[PDB]
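Take a look at this single chain, the form deposited in one PDB entry, given in structure tokens.
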């Protein structure tokens, strides 16, 4: 369900960055901004095709919309995400934006909403396999999140059974989502302290290492997070369950529709002594929670 496009109708504006594969650049098309992805080397052709056939089947507000695909120089034509990537908002530009507990929870809810749609696909469920903030885009002033890069570095978000070579299911995305939840709450890069080549993270995670626990994290959120981290994929919740849980929790996180507009100088202190401080503040959550339960 595409819509063939002629390159001459595009007219590029400027390169904005590289995706998981290929290059992305802003462009105009029929009186509206556009992002187009082209393959640099022909080795990326396989990824180009799979993403083409997969994105043609998806239609969800939390997944990047694919308009068409031109085969003259071979490129995908998608919607432009003005807000950039979530990874950039979290750890990127020199003037970093302030965000609240409501934004963090809202972002993770919207991500689970999109993945739940993929996992519900018929005949076969669609697994993303590369869920991480670099592949999550933001629009509407940083309020709306959209999943991108369906072509399938990423070791910090990968379930052990995946790089274990073992067979895996849709539950590998659940593991990645859990890491993302920890990441937005702490505004820390997962396993940044380990570093080195990728196999050093894989070894740690394979032996059961997980990101440190979060001081004063509400037990309902801690439970969900650590369940997603389970070694055994069958002990992880389905995305449908995560959506339901996160939806119910948002009752205690008002203000997710407030755009990102304030800067901050995120200090990020080196204090990984078992526990870790959250970046967001859960004071209001505990207050609103006590109102209902009392």
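Here, rigid core means the biggest group of C-alpha atoms that superpose within 1.5 Å across both forms. Residue numbers count along the first chain shown, from 1.
Omitted here: the form deposited in another entry. The next part is about that form.
Here the two forms are overlaid on the core, and between this form and the one not shown the C-alpha of 39 is the only one among 225, 260, 249, 39 to shift by 2 Å or more. Once both forms are overlaid on the rigid core, the distance between the two CA positions of residue 104 between this form and the one not shown is under 2 angstroms. Relative to the superposed core, residue 207 undergoes a C-alpha shift smaller than 2 Å between this form and the one not shown.
In the core-superposed comparison between this form and the one not shown, the C-alpha atom of residue 75 has shifted by at least 2 angstroms.
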